[PDB]
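*Asks:* Supplied in structure tokens, the structure appears directly below.
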Amino acid sequence: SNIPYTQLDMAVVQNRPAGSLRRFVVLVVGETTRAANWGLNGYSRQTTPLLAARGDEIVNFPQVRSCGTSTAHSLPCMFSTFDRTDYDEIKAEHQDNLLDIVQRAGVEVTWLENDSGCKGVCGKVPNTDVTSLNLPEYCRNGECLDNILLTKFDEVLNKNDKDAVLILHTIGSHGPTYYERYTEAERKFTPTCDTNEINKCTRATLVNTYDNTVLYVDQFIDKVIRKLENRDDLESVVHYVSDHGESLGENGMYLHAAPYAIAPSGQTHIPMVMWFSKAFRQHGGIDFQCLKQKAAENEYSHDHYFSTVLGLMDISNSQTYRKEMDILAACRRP
Ligand SMILES: CCCCCCCCCC[N+](C)(C)[O-]
Ligand SMILES: [Cu+2]
Ligand SMILES: [Mg+2]
Ligand code: NA
Ligand code: NA
Ligand SMILES: [Zn+2]
């Protein structure tokens, strides 16, 4: 209430081609996973084997920077019109965010939370806290394995046939209970640090445990793709990006939330990948070989998130959309 609230893009609509198929976009908002331990970026361990095996169909972005080093900064920033370097916390809090605008355009927006909170971003859209289900197959000590989200996916997919944006907010690589982020099938690197007292384990075991968390991210993204890839009637996109990275003892630094100005690359350099369904490849208007090249050669950040999502919903009458910030715009047919 401190300053008047600005509704943005009040006349927004979708401008999808006439007679088009449903468009279903999944935004996986990761947590703590860093670029330097991401197999597709050339890490010496293959922490992303399922995505690597999918080959050309996964677009990987080797140079992406976060807008903050904690969830409290990164989430509101990445869902706002503001860029990191001009972010105004107060202004952002008193205006519509990305999800408010997309919902106003008539898109079904749903937020499934498994990471302790949306930091105010999903207040005005349908949202559920999946962690609270406290299912023994996934959950212990108030935290749940991210595959619990998959159990709620089909309900969203089948809610109706409107275009949709589904946000899956994952707990990812969050520590210091890194060992609780994955299961036996992803416990590849050993020995591990099976305590929250990470300062008491060797740096070698800490890296091993963190790397196992990335294997779980990889299989999670793969399972989301598997829910969509056989729906030939559906134009689907899966987009994954982390909120920030992590420090694993380098120079005495652990966890995250270092002030951005002094934050090491481990905390600011984050993974990002995209996958497109067959129908999206056919009717989505994107030159895929163009996009693979752009992804390899350019530097991106959370600043690109807002316009990339608007572009994926064919949003029109939008004064917030910036073509130069839309990752796909330079490879989209006019
Ligand atoms: C307060 C930080 C906001 C970011 C603005 C960075 C300058 C953009 C203008 C660049 N330009 C070459 C056109 O002058
Ligand atoms: Cu206020
Ligand atoms: Mg932004
Ligand atoms: Na945690
Ligand atoms: Na194992
Ligand atoms: Zn975080």
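*Asks:* Tell me the strands (runs of 3 or more DSSP E) entirely within the range 73-188 that contain at least 2 residues that are within 22 Å of residue 11 (Cα to Cα) and either of a type outside the set (A, V, I, L, M, F, W, C) or more than 16 Å from ligand 1 (Cβ to nearest atom) (or both).
*Replies:* Working: elements: 108-113, 127-129, 164-169.
The qualifying strands (runs of 3 or more DSSP E) are 108-113, 164-169.
*Asks:* I've got another one for you. Only one of these is under 26 Å from residue 84 (Cβ atoms), touching a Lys or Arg at 6+ places or on another chain (Cβ under 9 Å) and among the small types (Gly, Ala, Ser): 175, 249. Name it.
*Replies:* Numbers: 249 fails: under 26 Å from residue 84 (Cβ atoms).
On inspection, the qualifying residue turns out to be 175.
*Asks:* Considering only the range 158-187, how many residues are touching a helix residue (DSSP H, G or I) at 6+ places or on another chain (Cβ under 6 Å) and either free of Cβ contacts under 8 Å to residues at least 24 places away in the same chain or of a type in the set (D, E, K, R) (or both)?
*Replies:* 3
*Asks:* A further question on this structure: With the condition kept exactly as written, say whether any residue in the range 77-88 is of a type in the set (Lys, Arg), more than 24 Å from residue 257 (Cβ to Cβ) and more than 15 Å from the chain's Cα centre (by Cα). Show your work before the answer.
*Replies:* Taking the range 77-88 and keeping what is of a type in the set (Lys, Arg), we get 84.
Within this subset, residues satisfying the condition of being more than 24 Å from residue 257 (Cβ to Cβ) are none.
So far as the range 77-88 goes, no, none of its residues is of a type in the set (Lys, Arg), more than 24 Å from residue 257 (Cβ to Cβ) and more than 15 Å from the chain's Cα centre (by Cα).
*Asks:* Which helices (runs of 4 or more DSSP H) sit wholly inside the range 270-334 and have at least 2 residues that are within 15 Å of the chain's Cα centre (by Cα)? Outline the logic, then answer.
*Replies:* Details: elements: 278-283, 288-297, 305-312.
The helices (runs of 4 or more DSSP H) meeting that bar are 305-312.
*Asks:* Okay, moving on. Does any residue of the range 56-71 turn out to be in a helix (DSSP H, G or I), buried (at least 22 other Cβ atoms within 10 Å of the Cβ), out of contact with any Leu (no Cβ under 9 Å at 6 or more places or on another chain) and not β-branched (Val, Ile, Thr)? Walk me through it before giving the result.
*Replies:* Here is the first cut: in the range 56-71, the ones in a helix (DSSP H, G or I) are 56-57, 71.
Filter once more, so that each one left must be buried (at least 22 other Cβ atoms within 10 Å of the Cβ): 71.
If we keep only those that are out of contact with any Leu (no Cβ under 9 Å at 6 or more places or on another chain) as well, we get 71.
The next check asks that each one be not β-branched (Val, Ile, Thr); those that pass are none.
Checking the range 56-71: not a single residue is in a helix (DSSP H, G or I), buried (at least 22 other Cβ atoms within 10 Å of the Cβ), out of contact with any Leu (no Cβ under 9 Å at 6 or more places or on another chain) and not β-branched (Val, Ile, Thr).
*Asks:* Does the range 153-168 contain at least one residue that is under 17 Å from the mean Cα position of the chain (by Cα) and surrounded by fewer than 19 Cβ atoms within 10 Å (Cβ to Cβ)? Steps first, please.
*Replies:* As a first pass, look at the range 153-168 and keep what is under 17 Å from the mean Cα position of the chain (by Cα): 153, 164-168.
Retained after the next criterion (residues that are surrounded by fewer than 19 Cβ atoms within 10 Å (Cβ to Cβ)): 153.
Yes - at least one qualifying residue is present in the range 153-168.
*Asks:* Quick check on the range 220-263: of everything there that is acidic (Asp, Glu), within 19 Å of the chain's Cα centre (by Cα) and part of a loop (DSSP other than H, G, I, E, B), which residue is farthest from residue 16 (Cα to Cα)?
*Replies:* Step by step, filter the range 220-263, then rank; the result is 246.
*Asks:* Taking into account only those residues within the range 1-32 that are in a loop (DSSP other than H, G, I, E, B), in contact with a strand residue (DSSP E or B) (Cβ under 9 Å, 6 or more places away or on another chain) and polar (S, T, N, Q), which is nearest to ligand 4 (Cβ to nearest atom)?
*Replies:* That would be 32.
*Asks:* Look through the range 1-45, keep the residues that are within 20 Å of the chain's Cα centre (by Cα) and aliphatic (A, V, I, L, M), and return whichever of them is farthest from residue 222 (Cα to Cα).
*Replies:* Selected residue: 36.
*Asks:* Only one of 279, 204 is farther than 21 Å from residue 78 by Cβ, of a type in the set (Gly, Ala, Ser) and in contact with a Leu (Cβ under 9 Å, 6 or more places away or on another chain); which?
*Replies:* Values: 204 fails: in contact with a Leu (Cβ under 9 Å, 6 or more places away or on another chain).
Answer to the selection: 279.
Only the coordinates and a few stated rules stand behind these numbers; no lab work does. Because the Cβ atoms are built from the backbone with ideal geometry, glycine has one as well, and the counts that use them run over all protein chains shown.
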